[PDB]
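K.L.:
Please find one structure pasted underneath; my questions will follow.
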Amino acid sequence: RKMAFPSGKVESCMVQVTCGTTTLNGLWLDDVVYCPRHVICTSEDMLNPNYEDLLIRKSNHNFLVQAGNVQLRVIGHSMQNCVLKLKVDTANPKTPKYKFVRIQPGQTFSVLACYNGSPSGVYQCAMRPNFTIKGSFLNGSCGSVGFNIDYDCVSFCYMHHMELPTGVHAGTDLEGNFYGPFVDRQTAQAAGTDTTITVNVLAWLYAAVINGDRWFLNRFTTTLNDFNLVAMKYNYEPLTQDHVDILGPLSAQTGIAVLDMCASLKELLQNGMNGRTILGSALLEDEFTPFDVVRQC
Amino acid sequence: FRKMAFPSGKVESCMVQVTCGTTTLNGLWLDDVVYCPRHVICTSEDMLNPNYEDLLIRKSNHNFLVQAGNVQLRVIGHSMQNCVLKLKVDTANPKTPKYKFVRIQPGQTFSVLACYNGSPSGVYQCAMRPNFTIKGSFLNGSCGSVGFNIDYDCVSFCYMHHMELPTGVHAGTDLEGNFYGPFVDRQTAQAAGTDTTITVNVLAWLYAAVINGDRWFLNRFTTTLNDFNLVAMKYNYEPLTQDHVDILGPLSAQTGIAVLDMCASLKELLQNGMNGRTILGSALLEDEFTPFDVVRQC
Ligand SMILES: COc1cccc2[nH]c(C(=O)N[C@@H](CC(C)C)C(=O)N[C@@H](C[C@@H]3CCNC3=O)C(=O)COP(=O)(O)O)cc12
Ligand SMILES: COc1cccc2[nH]c(C(=O)N[C@@H](CC(C)C)C(=O)N[C@@H](C[C@@H]3CCNC3=O)C(=O)COP(=O)(O)O)cc12
């Protein structure tokens with residue numbers, strides 16, 4: 001099932017940042033607070049703000065950073081693409097081991113949704129191929145982060161900025177770079193047309209096999225280039241070499257070649273399910289990575 | 001609209017590892033007591049059918065090996081409340097939250113924090129099914145994992161994991177050791193009563209889908225409460241009470257759709273199938289969101 005990482009290490013890092021009357025969420029790691037730069041906007045700013053000129057008018061004493069109602073004093077500020085970095089005078093004693101990472105489409109992560117620096121909920125998300133995520137966010141949620149946990153090291157990968165007219169969501173990595181062609185303006189932006197995450201559909205077929213559901217296994221094989229040409233015709237992502245490599249463990253475990261599996265999914269694409277389920281669903285599931293399959297299992 | 005768990009940090013600070021001999025599971029460390037399932041004291045040979053009390057009198061405090069991360073806690077006492085072992089230790093959990101022990105009623109949801117060897121591993125949302133099972137995600141060594149709700153800094157523990165049924169649904173107890181359902185902490189194959197679908201939750205979920213723009217299942221018809229329950233019972237859905245009607249008010253006030261209107265919508269879904277369409281991306285009528293879960297998310 002959809003399963004989030006335990007959130008306690010990220011929870012102890014959430015703070016709020018206020019400019020005038022705009023309060024977003026921030027991420028407090030060591031003695032730096034990271035938040036979306038549009039906190040320095042007010043209403044007339046937003047259509048096309050001048051973050052350069054807006055941040056010139058700013059001084060350290062304009063920034064109210066609070067862990068709860070305890071203020072942390074700002075001693076430096078700077079902009080790095082779309083994230084503001086506020087240097088504070090206290091190193092967060094609950095700073096976990098961590099890295100900032102830029103994820104690829106198809107990869108999953110947990111979102112800690114927060115409001116006023118207060119965690120509200122946790123859930124698993126997948127970065128769609130059009131660099132949106134299908135999240136759950138109200139107003140006040142900007143600055144909420146997404147993350148993975150590997151050996152109690154936290155890999156921060158997403159900071160939330162935007163809800164698109166289609167209800168899906170957009171944001172940056174922790175260096176302030178948007179995933180996708182989105183800009184942090186009060187603007188109706190359009191997502192690229194999404195596609196199905198092929199490497200994840202394959203992982204899910206392996207998990208079916210691991211569990212005894214293998215009727216779909218065929219006797220054929222394919223080249224990777226022939227599958228990628230047939231896959232794009234069904235709005236499926238083409239497979240990279242990195243995709244085949246992370247399918248490796250599930251391949252070895254089931255004994256099924258990655259490219260026989262590809263030839264098996266192709267059949268499911270040309271001929272459908274035939275009123276037959278796979279792991280209980282009538283639809284192919286594309287938001288479990290091979291890591292998520294191995295994670296449990 | 002996603003299935004959302006409560007932040008698990010408050011529970012993470014409480015999970016520990018409990019080992020007796022060659023069996024290990026998770027315990028819950030609040031104040032100066034560690035709570036764990038009682039079959040941790042069982043040998044392999046014992047687990048088929050053991051006398052738990054005589055198994056416990058023959059126990060020494062020093063045979064219990066409680067590890068909280070890297071520190072070993074010392075057991076200065078023990079007792080047994082139903083299927084839950086209470087291990088008094090010489091150290092109080094300094095990170096003990098405001099908490100309470102609650103017995104959940106069927107249809108209600110909670111967050112499960114899946115743990116292994118006392119280490120948290122995942123968190124997700126479950127519902128107490130009508131037949132007092134939960135459709136969990138649990139492996140070897142998950143026994144002692146807990147379910148809980150948080151309500152303004154207060155944690156309400158409602159479930160401790162014990163068992164996976166042959167059908168692959170799961171069973172356990174409240175934090176006073178009383179099983180949900182007719183299950184026992186024996187190593188035997190146990191079946192549950194026939195399960196049903198949580199009606200008021202499906203309706204909350206239909207209301208969720210309208211709030212997210214999905215409207216294709218709405219219709220102009222309406223129904224009486226009793227004529228809806230006749231059809232719901234026919235399809236193995238729980239009955240709808242007036243109380244359930246009232247709990248749904250906020251969603252019905254919010255969307256402009258009277259509850260008895262959404263029931264006519266659900267009745268037609270039950271009698272006509274979904275014709276290959278989808279609601280909030282699901283091919284199935286989802287019944288593990290309560291009205292409170294929808295309200296708090298939307
Ligand atoms: C013409 O305008 C539009 C037209 C059509 C679609 C549009 N979409 C946005 C947008 O999304 N705008 C960002 C801010 C940008 C301008 C930097 C925003 O509203 N983000 C929210 C999260 C959002 C709100 C609810 N659910 C979320 O995901 C926060 O993170 C806290 O913002 P608040 O200060 O608390 O209101 C503007 C817009
Ligand atoms: C003939 O026997 C059977 C036949 C058919 C079905 C059966 N089902 C069970 C059962 O579920 N038994 C509990 C222990 C009893 C004594 C209450 C258990 O087996 N295991 C887990 C949780 C489980 C592990 C797999 N998924 C979970 O949810 C623990 O965590 C504690 O024990 P372990 O640490 O694994 O040794 C026995 C059985």
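Here's how to read the names in the structure tokens: chain A, B, ... by the order shown, residue numbers from 1 in each chain, ligand numbers from 1 in the order shown.
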Distance cut-off 10 Å, counting only C-alpha atoms - which residues of chain A neighbour chain B? Return them as a PyMOL selection string.
P.N.:
chain A and resi 1-12+111-114+119-125+134-138+149+166-167+281-283+295-297
K.L.:
Please return, as an NGL selection string, all residues of range 94-206 of chain A that DSSP assigns to strand (DSSP E) on the basis of the backbone.
P.N.:
:A and (97-100 or 108-115 or 118-126 or 145-150 or 153-163 or 169-172)
K.L.:
Near residue 165 in chain A, within 9 Å and counting only C-alpha atoms, which residues show up once chain neighbours fewer than 3 positions away are dropped, as a VMD selection string?
P.N.:
chain A and resid 168 188 to 190
K.L.:
Around ligand 2, which protein and nucleic acid residues have at least one atom no more than 10 Å from it, if we count only C-alpha atoms and all ligand atoms? List them as an MDAnalysis selection string.
P.N.:
chainID B and resid 19 22:26 37:40 42:44 46:50 83 115:117 136:145 161:172 183:191
K.L.:
May I ask which of the residues A:47, A:27, A:229, A:126 is the closest one to residue 183 in chain A, counting only C-alpha atoms?
P.N.:
A:47
K.L.:
Hey, which of A:22, A:289, A:92, A:62 ends up closest to ligand 1? Count only C-alpha atoms and all ligand atoms.
P.N.:
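Among A:22, A:289, A:92, A:62, it is A:22 that comes nearest to ligand 1.
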